[PDB]
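**Q** Would you mind keeping the following structure in view while I ask a few things?
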């Protein structure tokens with residue numbers, strides 16, 4: 001809300017760092033399991049695509065105005081895959097990801113970005 | 001490891017099937033090399049005996 | 001082409017033209033074999049049977065470079081007037097190959 005305000009009514013260049021969205025999806029799994037609701041994959045509810053979409057798609061630039069929103073969500077991939085519903089649906093809504101690798105950080109490389117599973 | 005779905009179960013069944021064919025393939029290759037080894041061993045002892053006579 | 005076979009009967013191999021060396025001591029023969037695999041004596045070394053059964057192990061230790069110097073157990077002359085035991089030599093060659101006492 002503050003990002004959309006400061007970008008589309010006062011013409012700043014807001015960069016948002018959405019830390020660890022897996023906690024947001026855990027909170028949705030809690031509130032979706034307390035409502036006796038249809039699960040998706042691994043117990044997360046049906047509307048998790050819609051809620052991650054209505055967080056993520058509130059970014060970008062508009063026509064005839066000055067501002068900009070740049071979102072960097074941060075994901076903690078649970079078993080460091082692209083098959084869990086949190087990084088999976090995150091990668092479906094968003095436009096590209098930057099994926100970190102356990103091999104390069106064991107080899108001692110910073111930033112350990114393997115470019116093959118990452119795109120923009 | 002690999003995160004288990006119904007896709008990776010069939011991919012690992014395919015990898016198992018390829019390795020089970022490869023074991024029999026390499027056993028056939030080892031049989032052909034046994035045949036050529038018992039080919040060459042009598043020729044080697046023949047040439048060795050001719051070397052002994054000379 | 002070089003030999004390490006005999007003290008005096010290697011002169012017949014020199015009389016063939018092909019060079020060689022003889023010492024009748026195992027370690028100076030192996031040391032001239034060492035300078036013969038360093039300075040490669042044209043790709044063939046023929047070593048006495050009943051002085052070195054396996055010449056190749058020490059040579060592949062002191063030179064893991066390739067097998068251009070080929071190493072053969074060549075027959076001693078005196079034992080050559082006995083009988084070669086061709087059969088038993090191929091027995092030990094096949095057992096050096098696959099370990100089995102299988103007999104072709």
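**Q** Residues being in contact with a strand residue (DSSP E or B) (Cβ under 6 Å, 6 or more places away or on another chain) and surrounded by 11 or more Cβ atoms within 10 Å (Cβ to Cβ): count how many of those fall in the range A:17-59. Don't jump to the end; show me each part of the working.
**A** Of the residues in the range A:17-59, the ones in contact with a strand residue (DSSP E or B) (Cβ under 6 Å, 6 or more places away or on another chain) are A:17-18, A:21, A:32, A:37, A:59.
Imposing the further condition that a residue be surrounded by 11 or more Cβ atoms within 10 Å (Cβ to Cβ) reduces the set to A:18, A:21, A:32, A:37, A:59.
Counting residues in the range A:17-59 that are in contact with a strand residue (DSSP E or B) (Cβ under 6 Å, 6 or more places away or on another chain) and surrounded by 11 or more Cβ atoms within 10 Å (Cβ to Cβ) gives 5.
**Q** Could you go through the range C:51-66 and let me know if any residue there is touching a strand residue (DSSP E or B) at 6+ places or on another chain (Cβ under 7 Å), under 23 Å from residue B:49 (Cα atoms), within 13 Å of chain B (Cβ to nearest Cβ) and part of a loop (DSSP other than H, G, I, E, B).
**A** So far as the range C:51-66 goes, no, none of its residues is touching a strand residue (DSSP E or B) at 6+ places or on another chain (Cβ under 7 Å), under 23 Å from residue B:49 (Cα atoms), within 13 Å of chain B (Cβ to nearest Cβ) and part of a loop (DSSP other than H, G, I, E, B).
**Q** Something else now. Taking the condition of being touching a strand residue (DSSP E or B) at 6+ places or on another chain (Cβ under 8 Å), surrounded by 15 or more Cβ atoms within 10 Å (Cβ to Cβ) and part of a loop (DSSP other than H, G, I, E, B), how many residues in the range A:84-120 meet it?
**A** Count: 4.
**Q** I'm checking my understanding of the structure. Among residues of the range B:1-23 that are assigned to a helix (DSSP H, G or I) and either within 14 Å of chain A (Cβ to nearest Cβ) or touching a residue at least 40 places away in the same chain (Cβ under 8 Å) (or both), which one is farthest from residue A:41 (Cα to Cα)? Step through it out loud before you land on a result.
**A** Residues of the range B:1-23 assigned to a helix (DSSP H, G or I): B:6-23.
Now drop any that are not either within 14 Å of chain A (Cβ to nearest Cβ) or touching a residue at least 40 places away in the same chain (Cβ under 8 Å) (or both), which leaves B:6-9, B:11.
On the way: B:6: 13, B:7: 15, B:8: 16, B:9: 17, B:11: 21 Å.
Looking at the filtered set, the residue picked out is B:11.
**Q** Can you name every residue in the range C:74-104 that is in contact with a helix residue (DSSP H, G or I) (Cβ under 8 Å, 6 or more places away or on another chain) and either away from chain B (no Cβ under 11 Å) or assigned to a strand (DSSP E or B) (or both)?
**A** C:100, C:101
**Q** Give the range A:83-95 a look and list any residue that's over 14 Å from residue B:2 (Cα atoms) and without any contact (Cβ under 8 Å) to a residue 60 or more places away in the chain, or say none.
**A** If the condition is that a residue be over 14 Å from residue B:2 (Cα atoms) and without any contact (Cβ under 8 Å) to a residue 60 or more places away in the chain, then A:87, A:88, A:89, A:91, A:92, A:93, A:94, A:95 are the ones that fit.
**Q** A further question follows. Restricting the search to the range C:36-49, which residues are within 21 Å of residue C:97 (Cα to Cα) and within 14 Å of another protein chain (Cβ to nearest Cβ)?
**A** Selection gives C:46, C:49.
**Q** Identify, by number, the condition in (1) under 30 Å from residue A:8 (Cα atoms); (2) more than 13 Å from the chain's Cα centre (by Cα) that residue A:89 doesn't meet.
**A** (2)
**Q** Which residues, counting only those in the range C:19-39, are closer than 18 Å to residue C:76 by Cβ, in contact with a strand residue (DSSP E or B) (Cβ under 9 Å, 6 or more places away or on another chain) and either part of a loop (DSSP other than H, G, I, E, B) or free of Cβ contacts under 8 Å to residues at least 12 places away in the same chain (or both)?
**A** Of everything in the range C:19-39, those that are closer than 18 Å to residue C:76 by Cβ, in contact with a strand residue (DSSP E or B) (Cβ under 9 Å, 6 or more places away or on another chain) and either part of a loop (DSSP other than H, G, I, E, B) or free of Cβ contacts under 8 Å to residues at least 12 places away in the same chain (or both) turn out to be C:20, C:21, C:22, C:23.
**Q** Residue by residue through the range A:60-82, note down the ones that are under 18 Å from the mean Cα position of the chain (by Cα), touching a residue at least 40 places away in the same chain (Cβ under 8 Å) and surrounded by fewer than 16 Cβ atoms within 10 Å (Cβ to Cβ).
**A** Selection gives A:70, A:72, A:74, A:76, A:78.
**Q** Could you check the range A:1-83 for helices (runs of 4 or more DSSP H) lying wholly inside it with 3 or more residues that are at positive phi?
**A** Qualifying helices (runs of 4 or more DSSP H): none found.
Throughout, read-outs are computed from the coordinates displayed, never taken from laboratory work. Positions of Cβ are backbone-derived with ideal geometry, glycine not excepted, and every protein chain shown enters the neighbour counts.
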